[PDB]
């Protein structure tokens, strides 16, 4: 566990249960009944709940757990992941963190992933024994303190521009590099922490594209048989 590994954090992620402010908003009471589930237990999904986000703070960019799903499928199925060179974390917009054991097999299917997140939020850890997924209250800085990396990079379209190849080379110079990607569809980080801002392209990309650029460029430096 002192070999070189990438520590990847999907941060300020739009992954949360229905906000308390809107639990009795019409579109929420009817979704909830239709699914025969208590509205507070349900994961906010902007696709279904769009008419209830209008007056919510930051409503336009909330309830996007699809971003997390696709980022996690990309990361957990990576060659980098199978070679024991990745640790991945989710930090949510409400300052909770989800820890993920490397061997975790996320549902490929979005609605099963949703099901699984509802369980994780309810019980704090899934499954009961393994705690392959484990959630707790935590800020981004508190998480970074635990990881105790030797460098922190923050992926930002407006940071120092790098060729992805070259960013992979750069990450391979550290022992315990941490890379942070926003889990939100647009705008800026909410959680300002210390680190180097890196752009991989001079237009905005989606989080999972960035996850891929970083993971694949790092594989080719760090996996010795490559």
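Numbering follows the first chain given and starts at 1.
According to the PDB record, 31-39 carries the higher mean C-alpha B-factor of the two stretches 31-39 and 185-193. Comparing the deposited coordinates for 138-146 and 121-129, the stretch with the larger average C-alpha B-factor is 121-129. When the C-alpha B-factors of 180, 52, 198, 171 are read from the PDB record, the largest value belongs to 52. Ranked against the other modelled residues of its chain, the C-alpha B-factor of residue 164 as given in the entry falls in the middle third. In this PDB entry, the Cα temperature factor of residue 66 sits in the bottom third of its chain's modelled residues, the lowest group. Among all modelled residues in its chain, residue 216 ranks in the middle third by Cα B-factor. For residue 82, the recorded CA B-factor ranks within the middle third of the chain. Only modelled residues enter the ranking. For residue 205, the recorded CA temperature factor ranks within the middle third of the chain's modelled residues.
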